[PDB]
Amino acid sequence: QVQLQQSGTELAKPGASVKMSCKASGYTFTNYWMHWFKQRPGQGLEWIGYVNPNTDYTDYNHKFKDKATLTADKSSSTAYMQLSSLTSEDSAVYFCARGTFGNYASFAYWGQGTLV
Amino acid sequence: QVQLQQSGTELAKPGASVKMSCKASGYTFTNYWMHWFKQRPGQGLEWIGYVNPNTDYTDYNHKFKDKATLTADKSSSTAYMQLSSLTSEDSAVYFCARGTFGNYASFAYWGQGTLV
Amino acid sequence: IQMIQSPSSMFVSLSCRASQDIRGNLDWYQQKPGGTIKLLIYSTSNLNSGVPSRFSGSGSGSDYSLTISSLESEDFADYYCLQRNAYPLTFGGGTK
Amino acid sequence: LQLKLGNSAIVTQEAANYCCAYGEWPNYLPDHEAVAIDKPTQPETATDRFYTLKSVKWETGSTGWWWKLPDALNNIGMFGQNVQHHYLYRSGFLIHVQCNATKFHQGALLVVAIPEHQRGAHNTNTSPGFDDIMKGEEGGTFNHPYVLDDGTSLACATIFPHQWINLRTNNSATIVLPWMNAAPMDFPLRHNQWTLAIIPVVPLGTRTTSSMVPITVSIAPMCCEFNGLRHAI
Amino acid sequence: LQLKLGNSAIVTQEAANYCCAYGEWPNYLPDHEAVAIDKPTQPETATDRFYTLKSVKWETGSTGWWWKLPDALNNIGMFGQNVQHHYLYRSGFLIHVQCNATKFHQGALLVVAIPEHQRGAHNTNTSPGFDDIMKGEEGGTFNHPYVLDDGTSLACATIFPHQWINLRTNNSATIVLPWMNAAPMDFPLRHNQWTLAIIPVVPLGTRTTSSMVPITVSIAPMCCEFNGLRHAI
Amino acid sequence: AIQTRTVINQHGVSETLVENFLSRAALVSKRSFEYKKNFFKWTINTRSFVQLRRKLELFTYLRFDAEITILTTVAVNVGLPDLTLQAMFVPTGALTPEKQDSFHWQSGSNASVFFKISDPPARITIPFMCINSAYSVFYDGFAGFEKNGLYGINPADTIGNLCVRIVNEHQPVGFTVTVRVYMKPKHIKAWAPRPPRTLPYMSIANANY
């Protein structure tokens, strides 16, 4: 069974940074890309980027080039995402999804979300 | 592991009867005789009788011929003993022990006791 | 048959007679004050599996006895006897 | 004076005779390609070991014992593992019953093996359940041994293959059992062909009381085979 | 065009050659009564089955894979059960590596088998632990493939038995491995003779992004035997 | 406490033979003397060190040769001028010297070697000089007949003793000499094996415990 368990919610004053985690269990972790999403409350969603835990190559959206960084751990089987220079407009829910074996972007397994 | 678990204590008004149990677990129940004992508080002990759960033959002491009866159940693996016409001198602790494979009376496994 | 045990209390050779001859056939028990009983000597000379080896028993036709070399704190317990020769089987009085 | 069969060996018996039940041995399925045509694996070196059962106690008031032979070995050893993940078997057995008492005991047993022993409940209109038949390794006990728990008398029970254990003369019996069934291969978890039963006719006695006279039963599958679990494609 | 070995069969390959590592086959222990003289059980019909492993992913940035061959099969199947309750074994292997890509992919692999591959940690004075070596079925990954994780270069690594998978020409390799050890029989839970390692020399490329090009490894013990668990007395 | 294993394949039988079970040249004597008792006298008993006494008492009777090698290491109490030694072997029936300059060192009948310090060490082999057919290791009897004889001393069992002397004159330097003797049994023939001893030894004369 594939489960994507994220951390609980947290908040921060502006000018700081924050780090979250999307721990995965039920499959072989080093085969699938780990995409990250952003939904402002009441609007549509937005693609941030992914991490390739087989190689640690990341590819970011152009809006989120300076905000977020993306890492991946093999031992603890956990993907991280760290923001930087938080403002008032960063209050959103952040998701994590899973790719496919062949590197296609169609998402069948999801996280629950983590407010900021 | 051989365990002889007896019931908790109980008391009764005179002129009544009472029944106890010595449930055994950890061995084959139908091979060993089940001896029963009596200790007045502060004195030595006394043999009451046994039950042969392979045959349901019982042999009583001559003092306890009319007081106690002895039965044995194979399914629940439990030996019973029922008194009759309780008086003031029946207040004692009652034990249960186990014989040997060959029908000898040397007791290596015991119960904890049950006050009356 | 009646068996008597000569010391009533102990403050270390505990002897017990018999009314008849019993031809061996005697066991030595001990009772902790918590309420647990385990035997020590069976067939008047042998030792149980799991006893400290300081205990030993004598043998005769009708007068048997227990021998303890050294004493200890939780060694302090009332000691009983038993003849298994003929039914009804009877204990003794006990010491300590 | 020993029965070295495979891994184990019951040594130091008294003189004994292989009285074959009826007139035949196991035989190994001479020719049936018309049925279950995946050739039987036929294990031979890893089943034949004299699985000795628990020793039972013979007192004065005892009344009899019975074991169902494909049932007594379903949970014991290498034969017990092949009963799971196989559904067809074919085997004959060998039984060695040996009690041991001194020259001051007296008594007599009847060691009989009964094909298709359908039991019966006493004084009710309900057929026996699953739990009164599939007792297992521990076996059972006759409630009414004079009628063999189905109405057919014990006086005529020597029509089956049988031997006597008379404690004056001998203390051993040996029966070899062939494959007694209508179908060529049978299902082990729900059908029991033979039924080993030992019944004390003359009860024992001695001057003292209730001598145990413990008995030992040893069973070994003779020429066993099962279905095929490995196929090419 | 199929490899029917026992229970399973890897079908429909490309043309392939049994390049024997060095010049020999398994051979079955020709004559050693001086050592461990309980004759080896020698199981033959219930071990040889092409245990196929998990498919691994080959992307542009990938760097290599390695498996320890008596270790990759300790927990898989009938060979995995005989490693417990036996302490001596003797076997040779057969390896079939097959990737599959279309006629628009390009790349090259080096399928090499390394006897007694003692690894080494990078930039420290501490020997590798038990957990960095006994990885299991999943295998491992080269951190520095140019020096084979012990200092000996990859340019000279064709001295071992090896084949090439060049995706222009073929997509298959087959190596047969004999018993390569000084002792006649060895201990399976703590020593690993061979070390299968595949290393992409030329990385792949296509117009689109990160095509998987999944690979399959299949291992089968050739002529295996163990100690004796059954003795007469 | 690491518990390891390795398979073993062997074929050899000729390593446990008695001929090469006792051919190993163990040390049997080590005693110093200062020259300024000025010499080294030692009876040729073999039960002096318990490493070789226990190994030799598995048998009752055995028969061999000696192969004595005397290894002398001197010092001055810085350079020593050309010391010459004498190692006379005295069998039974011949007299032993009691002083360094006795007239028993000049006796022609018993064999003597004359070896420098700078040479390789001296070496003589000694034949089987019992007057029975074998050396009785264990002797259950009395040499002394009457009521007072030492128990277990065989009068036929003895060999002799060797005596080592600095030949040179009194010199103004005084030096310390240390003598080691290595005995190597040759041509073994051993009879009647016996169980080996477990309790430790108590004396050199008898088997107490």
# chains A, B, ... in the order shown; residues from 1 in each chain; ligands from 1

call {"tool": "residues_around", "arguments": {"residues": "range 41-53 of chain C", "least_positions_apart": "6", "cutoff": "7 Å", "atoms": "only C-alpha atoms", "output": "count of residues only"}}
result
6

call {"tool": "select_by_dssp", "arguments": {"residues": "chain B", "states": "strand (DSSP E)", "output": "PyMOL selection string"}}
result
chain B and resi 3-6+19-25+34-39+45-52+57-60+69-73+78-82+93-98+114-115

call {"tool": "select_by_dssp", "arguments": {"residues": "range 11-224 of chain D", "states": "alpha helix (DSSP H)", "output": "list in words"}}
result
residues 77, 78, 79, 80, 81, 82 and 83 of chain D

call {"tool": "write_last_selection", "arguments": {"atoms": "N, CA, C and O atoms", "output": "PDB file, in the first residue's frame"}}
result
ATOM      1  N   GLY D  77       5.923 -33.353  11.368  1.00  0.00           N
ATOM      2  CA  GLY D  77       7.110 -33.653  10.592  1.00  0.00           C
ATOM      3  C   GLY D  77       6.967 -33.427   9.097  1.00  0.00           C
ATOM      4  O   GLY D  77       6.203 -32.583   8.634  1.00  0.00           O
ATOM      5  N   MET D  78       7.733 -34.208   8.337  1.00  0.00           N
ATOM      6  CA  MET D  78       7.813 -34.017   6.897  1.00  0.00           C
ATOM      7  C   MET D  78       6.590 -34.557   6.175  1.00  0.00           C
ATOM      8  O   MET D  78       6.237 -34.052   5.106  1.00  0.00           O
ATOM      9  N   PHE D  79       5.949 -35.589   6.720  1.00  0.00           N
ATOM     10  CA  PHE D  79       4.661 -36.007   6.186  1.00  0.00           C
ATOM     11  C   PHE D  79       3.590 -34.981   6.506  1.00  0.00           C
ATOM     12  O   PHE D  79       2.645 -34.808   5.732  1.00  0.00           O
ATOM     13  N   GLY D  80       3.723 -34.294   7.638  1.00  0.00           N
ATOM     14  CA  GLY D  80       2.743 -33.297   8.010  1.00  0.00           C
ATOM     15  C   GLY D  80       2.805 -32.051   7.160  1.00  0.00           C
ATOM     16  O   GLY D  80       1.794 -31.373   6.986  1.00  0.00           O
ATOM     17  N   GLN D  81       3.979 -31.726   6.623  1.00  0.00           N
ATOM     18  CA  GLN D  81       4.078 -30.566   5.747  1.00  0.00           C
ATOM     19  C   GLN D  81       3.609 -30.872   4.336  1.00  0.00           C
ATOM     20  O   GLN D  81       3.082 -29.983   3.665  1.00  0.00           O
ATOM     21  N   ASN D  82       3.782 -32.103   3.867  1.00  0.00           N
ATOM     22  CA  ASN D  82       3.311 -32.462   2.540  1.00  0.00           C
ATOM     23  C   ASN D  82       1.803 -32.621   2.462  1.00  0.00           C
ATOM     24  O   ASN D  82       1.272 -32.707   1.356  1.00  0.00           O
ATOM     25  N   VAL D  83       1.100 -32.686   3.589  1.00  0.00           N
ATOM     26  CA  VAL D  83      -0.356 -32.712   3.534  1.00  0.00           C
ATOM     27  C   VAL D  83      -0.893 -31.344   3.136  1.00  0.00           C
ATOM     28  O   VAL D  83      -1.788 -31.239   2.292  1.00  0.00           O
TER      29      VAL D  83
END

call {"tool": "residues_around", "arguments": {"residues": "range 82-96 of chain A", "least_positions_apart": "4", "cutoff": "7 Å", "atoms": "only C-alpha atoms", "output": "NGL selection string"}}
result
:A and (14-20 or 22 or 34-41 or 67-70 or 110-116)

call {"tool": "residues_around", "arguments": {"residues": "range 102-113 of chain F", "least_positions_apart": "6", "cutoff": "10 Å", "atoms": "only C-alpha atoms", "output": "JSON, numbers by chain"}}
result
{"F": [85, 86, 87, 88, 89, 90, 91, 94, 95, 96, 122, 123, 124, 162, 163, 164, 165]}

call {"tool": "write_last_selection", "arguments": {"atoms": "C-alpha atoms", "output": "CSV table (one decimal), in the first residue's frame"}}
result
chain,number,residue,atom,x,y,z
F,85,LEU,CA,86.2,-25.4,27.7
F,86,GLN,CA,86.1,-29.1,28.5
F,87,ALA,CA,83.0,-31.3,28.7
F,88,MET,CA,83.9,-34.7,30.2
F,89,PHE,CA,81.2,-37.4,30.2
F,90,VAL,CA,81.5,-39.7,33.3
F,91,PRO,CA,79.6,-43.0,33.1
F,94,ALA,CA,84.1,-44.0,36.9
F,95,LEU,CA,84.8,-41.3,39.4
F,96,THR,CA,83.5,-37.7,39.2
F,122,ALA,CA,79.7,-28.8,20.8
F,123,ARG,CA,77.8,-32.0,20.0
F,124,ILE,CA,78.3,-35.7,20.9
F,162,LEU,CA,78.7,-34.6,32.4
F,163,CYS,CA,81.0,-32.0,33.8
F,164,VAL,CA,82.0,-28.7,32.2
F,165,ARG,CA,85.2,-26.7,33.1

call {"tool": "residues_around", "arguments": {"residues": "range 14-20 of chain C", "least_positions_apart": "3", "cutoff": "7 Å", "atoms": "only C-alpha atoms", "output": "MDAnalysis selection string"}}
result
chainID C and resid 1:7 62:67

call {"tool": "residues_around", "arguments": {"residues": "residue 101 in chain A", "least_positions_apart": "6", "cutoff": "10 Å", "atoms": "only C-alpha atoms", "output": "ChimeraX atom specification"}}
result
/A:31-33 /E:57,211-212,214

call {"tool": "interface_residues", "arguments": {"of": "chain E", "to": "chain A", "cutoff": "10 Å", "atoms": "only C-alpha atoms", "output": "PyMOL selection string"}}
result
chain E and resi 56-63+138+209-214

call {"tool": "interface_residues", "arguments": {"of": "chain C", "to": "chain D", "cutoff": "12 Å", "atoms": "only C-alpha atoms", "output": "ChimeraX atom specification"}}
result
/C:85-87

call {"tool": "write_last_selection", "arguments": {"atoms": "N, CA, C and O atoms", "output": "CSV table (one decimal), in the first residue's frame"}}
result
chain,number,residue,atom,x,y,z
C,85,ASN,N,4.0,-44.4,52.0
C,85,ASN,CA,4.0,-45.9,52.0
C,85,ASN,C,2.6,-46.5,51.8
C,85,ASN,O,2.4,-47.3,50.9
C,86,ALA,N,1.7,-46.1,52.7
C,86,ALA,CA,0.4,-46.6,52.7
C,86,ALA,C,-0.7,-45.5,52.8
C,86,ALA,O,-0.5,-44.6,53.7
C,87,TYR,N,-1.7,-45.6,52.1
C,87,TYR,CA,-2.8,-44.6,52.2
C,87,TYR,C,-3.6,-44.9,53.5
C,87,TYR,O,-3.8,-46.1,53.8

call {"tool": "interface_residues", "arguments": {"of": "chain C", "to": "chain B", "cutoff": "8 Å", "atoms": "only C-alpha atoms", "output": "ChimeraX atom specification"}}
result
/C:27,35-39,42,84,88-94

call {"tool": "closest_atom_pairs", "arguments": {"of": "chain E", "to": "chain D", "cutoff": "6 Å", "atoms": "only C-alpha atoms", "output": "JSON lines"}}
result
{"residue": "E:7", "atom": "CA", "partner": "D:232", "partner_atom": "CA", "distance": 5.4}
{"residue": "E:230", "atom": "CA", "partner": "D:7", "partner_atom": "CA", "distance": 5.9}
{"residue": "E:231", "atom": "CA", "partner": "D:7", "partner_atom": "CA", "distance": 5.9}
{"residue": "E:232", "atom": "CA", "partner": "D:7", "partner_atom": "CA", "distance": 5.4}

call {"tool": "write_last_selection", "arguments": {"atoms": "N, CA and C atoms", "output": "short mmCIF file (atom, residue, chain, number, x, y, z; two decimals), in the first residue's frame"}}
result
data_model
loop_
_atom_site.label_atom_id
_atom_site.label_comp_id
_atom_site.auth_asym_id
_atom_site.auth_seq_id
_atom_site.Cartn_x
_atom_site.Cartn_y
_atom_site.Cartn_z
N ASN E 7 11.65 -25.53 -13.37
CA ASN E 7 10.28 -25.06 -13.18
C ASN E 7 9.94 -23.88 -14.08
N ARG E 230 20.64 -35.68 6.87
CA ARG E 230 20.06 -36.97 7.22
C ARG E 230 21.15 -38.03 7.27
N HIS E 231 21.27 -38.70 8.41
CA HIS E 231 22.28 -39.72 8.63
C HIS E 231 21.60 -40.92 9.28
N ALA E 232 22.25 -42.09 9.20
CA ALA E 232 21.64 -43.32 9.67
C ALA E 232 21.48 -43.34 11.19
#

call {"tool": "residues_around", "arguments": {"residues": "range 181-183 of chain F", "least_positions_apart": "2", "cutoff": "8 Å", "atoms": "only C-alpha atoms", "output": "PyMOL selection string"}}
result
chain F and resi 25-30+66-71+179+185

call {"tool": "atom_distance", "arguments": {"atom1": "CA of residue 68 in chain D", "atom2": "CA of residue 27 in chain D"}}
result
22.0 Å

call {"tool": "atom_distance", "arguments": {"atom1": "CA of residue 99 in chain F", "atom2": "CA of residue 49 in chain F"}}
result
27.6 Å

call {"tool": "atom_distance", "arguments": {"atom1": "CA of residue 195 in chain F", "atom2": "CA of residue 138 in chain F"}}
result
12.6 Å

call {"tool": "interface_residues", "arguments": {"of": "chain F", "to": "chain E", "cutoff": "9 Å", "atoms": "only C-alpha atoms", "output": "ChimeraX atom specification"}}
result
/F:5-11

call {"tool": "write_last_selection", "arguments": {"atoms": "N, CA, C and O atoms", "output": "PDB file, in the first residue's frame"}}
result
ATOM      1  N   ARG F   5      35.182 -20.711  11.324  1.00  0.00           N
ATOM      2  CA  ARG F   5      35.259 -22.064  10.795  1.00  0.00           C
ATOM      3  C   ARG F   5      36.127 -22.065   9.547  1.00  0.00           C
ATOM      4  O   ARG F   5      36.331 -21.026   8.916  1.00  0.00           O
ATOM      5  N   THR F   6      36.644 -23.245   9.190  1.00  0.00           N
ATOM      6  CA  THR F   6      37.285 -23.468   7.895  1.00  0.00           C
ATOM      7  C   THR F   6      37.251 -24.965   7.614  1.00  0.00           C
ATOM      8  O   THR F   6      37.500 -25.760   8.522  1.00  0.00           O
ATOM      9  N   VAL F   7      36.927 -25.349   6.375  1.00  0.00           N
ATOM     10  CA  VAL F   7      36.974 -26.757   5.998  1.00  0.00           C
ATOM     11  C   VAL F   7      38.420 -27.222   5.921  1.00  0.00           C
ATOM     12  O   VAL F   7      39.328 -26.445   5.606  1.00  0.00           O
ATOM     13  N   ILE F   8      38.645 -28.494   6.242  1.00  0.00           N
ATOM     14  CA  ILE F   8      39.986 -29.052   6.363  1.00  0.00           C
ATOM     15  C   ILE F   8      40.046 -30.329   5.538  1.00  0.00           C
ATOM     16  O   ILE F   8      39.216 -31.226   5.720  1.00  0.00           O
ATOM     17  N   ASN F   9      41.018 -30.415   4.635  1.00  0.00           N
ATOM     18  CA  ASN F   9      41.281 -31.646   3.907  1.00  0.00           C
ATOM     19  C   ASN F   9      42.708 -32.107   4.163  1.00  0.00           C
ATOM     20  O   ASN F   9      43.662 -31.357   3.948  1.00  0.00           O
ATOM     21  N   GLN F  10      42.846 -33.334   4.654  1.00  0.00           N
ATOM     22  CA  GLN F  10      44.139 -33.883   5.029  1.00  0.00           C
ATOM     23  C   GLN F  10      44.276 -35.286   4.462  1.00  0.00           C
ATOM     24  O   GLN F  10      43.287 -35.963   4.180  1.00  0.00           O
ATOM     25  N   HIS F  11      45.521 -35.723   4.302  1.00  0.00           N
ATOM     26  CA  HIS F  11      45.785 -37.113   3.943  1.00  0.00           C
ATOM     27  C   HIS F  11      46.878 -37.762   4.770  1.00  0.00           C
ATOM     28  O   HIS F  11      47.012 -38.989   4.716  1.00  0.00           O
TER      29      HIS F  11
END
